[PDB]
Structure formats: structure tokens, C-alpha cells
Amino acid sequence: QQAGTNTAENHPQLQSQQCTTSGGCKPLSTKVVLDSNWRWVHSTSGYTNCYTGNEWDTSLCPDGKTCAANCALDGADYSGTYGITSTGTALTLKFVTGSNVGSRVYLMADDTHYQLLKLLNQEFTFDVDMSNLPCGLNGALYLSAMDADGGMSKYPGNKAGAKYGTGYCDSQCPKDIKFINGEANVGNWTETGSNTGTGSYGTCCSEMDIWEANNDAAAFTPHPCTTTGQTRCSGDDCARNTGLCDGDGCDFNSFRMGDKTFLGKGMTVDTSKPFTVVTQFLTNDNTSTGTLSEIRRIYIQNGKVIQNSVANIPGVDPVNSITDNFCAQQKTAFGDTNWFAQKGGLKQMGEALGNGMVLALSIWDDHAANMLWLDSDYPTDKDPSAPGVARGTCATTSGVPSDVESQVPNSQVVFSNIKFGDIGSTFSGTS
């Protein structure tokens, strides 16, 4: 895609902190940038749309390469169009803004580079307010193995780069991404919604879901892929689980793991109020070259340090962190194939983490499964009483996009106090 000039692109500021054991925490002047899929796409020589609603202009975009040459991504009115605002340290992502639904942004080191986080033997910490984020919604904070420049160096067809949020990929190998590898994904374009469609290509990469949640339920989930970095896929390579990527991931959702009173409104982690979420990525030898061996989670709310809930499933060790063993036990017990292990487990996830990954923050609803996998029973044809079926208390009728968009359009998530660095250094304790 080309870079458009009709609308100035000003990235909202979102300060983060980098922390070390000896030096404590220091501010970084990071910013956020809207993902390219949400942007206006128009002719380089004017104002004519290359994409309107859910279809491409066949004149400007008769094929992927011609499209990318003819078409520019342009600047965004963050608040006005997409309901994205920042105080400078707190990011608010609103659900529905006019005809726009949801958003995704990436943390930037500067105006043309994503911040590249390397979190092996490190921790990531943030605050979240989900008080206005109900059933059916997902306020997500996660890592994707994108390139810092959004693919600009890799793909001659992409002259827009990170400044315009290009180069997305994740473990779902999404085919609804409009620009991939510097070409518009116009092949066999198929409408899937009023403003969405899919093309013949997907874009795959390893993904660490630090946070996927609403005020009813939350999950953290590593997703390894056999690839290395952002990879365009075709055919069965795009297929979830059987292809390049572990789309299911190895998830830890406290409720799914058999503790139904740990997280939610008025629970130990009280989702009706803001709280702090710490995620630590431990290696076997406590070095940044070691193998990722454990993902720990600690919560802080009202000054109280809250350890992660314990798994309570027959045939699963009662642990409270993600490990390769936990993952094998959980998959066996829930009846899910361990695609996680097949794609290389924590070691592969950690290799991705070590290579550096981009922070994404997003609010979305779910046209495929109504977010039932997050906060309800899933699959909808399995016995709810079976280990792993029940993930939340939301009704199985919840999360229909047309429903939530009508019913709770002003839902929002607020992500704040972003910090990362040495294990045990982004928060402190005392008696």
C-alpha cells in the first residue's frame, strides 16, 4: 500500500515504563497506531476509494500488485472515527463509534517503528478497567511477531509501513487482512460482513495473548507457529491448528480451569474495578537465552497481591502457571489436540518472544463464535459439564455482534500503566 496525504497521521501518545532491578522504572515516550485494516484506502492521485464497505474497486484493484501501487492508506481521526483516546498513560478503546466497530492499535517506539518487546526472562505489567466491558466483548492486549517496520523493508509493494499500522499477523492466520506482503489481498475476495471480507491469502505468526477478557472471564494464551515472523499463507497452510499455527493455543482461563469464583464482578479479582495484571516469562535457567519454561500471572488490586488461581481439573496438576506439562495435561483432559506441542510448545513461543514482538491492544466482537469460547460454554454442542467446556457464566445466546453493537455500543476498555522489564521489577511489595 502507498502512504496517503489527505489526512495527517498523528499517533496518540501512550507512555510506557521500562524497568530494571537495579535502576527501577523509567518512562518511554511511546505512542499507538491504528491497524491498517481500519483505514481509509484511496487512489494515490485523489480521493476515489479503493475499498468501500466490503468490496474493492475492480478498476483500481484488478489484482494485488496493481492495487497496492494505485492505493494509499491515509491518516485517522482517532477519537472522532474510531473512539480511541489516550490521556498520555491511559488508552481508552470504545466499542461502537458511528458505523465503526472496534479497533486495534500497536505500541510504537517512534512514528515509523513499532516498539519491539523482548520479554524472555522479563515481565509485562498493565492496569485494566473492564467495568464497562460486558459479555460478548474482548478487550485484548497481546504480542504478535510482526516486523518493527510493518513489512516496509520486506515488501517493495508496501510504502506505508508501521506509521499506518501495516504488517499484521497472528496465530489465526487471518484472511480478512486487506494488505499482506505489500499486495492487496483481493484474490477471490468474499464478503463476510458489511465492512469486512476475506481474500485468498492469510497472514500468520506466533502470538502471545497476554490478555483476552471482559468483566465475566479472562484468558492468557501462548500460540506458537512453526514459522518465524510474519508469513503469508495460502490453502491448508492457513488452516487453524493443522496448518502453520496453533490457533487454539495453550490457554489459562481461571473459570475454564475449574475455579469459578476467582475472577469476575465482586470476586477475588474484582472486574467491576480497575486492577493490575502482571505476566512473567520465566526461562529454565533464568537467562534471556534459556528456554521459556513458565508463564506466571500475578494480580494486584487495592494494594492486595493476588496469586493466580489454582487449576482444579481431574487429571490436571493443581498448578497456577502455564508450563509444557500443564498444557499436555489440560489438552488431554479437555479433549483438545495438543497443537501447541506440535508447533513446538513453550520453547517455540519463547523463540518468538526472544526475537522480539509487537504489542497490540484491541477491542472486538466475534462473528465466528460470539466470544462464547471466552465467557460461555464451548463448543455449543458439547456437554457443558465436561472438563473444559464451561469458560464463563455468560448466556450461550450472548455475544451476537448485531446484538451487542445495538445493545452496548458504548462499552469500552481502558488499558493503562504499561510497564515491562526485569522479573519482579515492574511492581513492588512490602510489609
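Don't overthink the numbering: it's just position in the shown sequence, from 1.
- The PDB entry records a higher mean C-alpha B factor for 328-336 than for its counterpart among 355-363 and 328-336.
- Comparing 230-238 with 268-276, the stretch with the higher mean C-alpha B-factor in the PDB entry is 230-238.
- Per the PDB entry, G258 shows the highest C-alpha temperature factor of the residues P222, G202, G258, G182.
- Highest CA B-factor among the listed residues (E191, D216, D176, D170): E191.
- In this PDB entry, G83 carries a Cα temperature factor that places it within the lowest third of its chain's modelled residues.
- In the PDB entry, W373 places in the middle third of its chain by CA B-factor.
- When the modelled residues of the chain are ordered by C-alpha B-factor, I313 sits in the highest third.
- Per the deposited record, the Cα B-factor of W40 falls in the middle third when ranked against the other modelled residues of its chain.
- Sorting the modelled residues of the chain by their CA temperature factor places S385 in the highest third.
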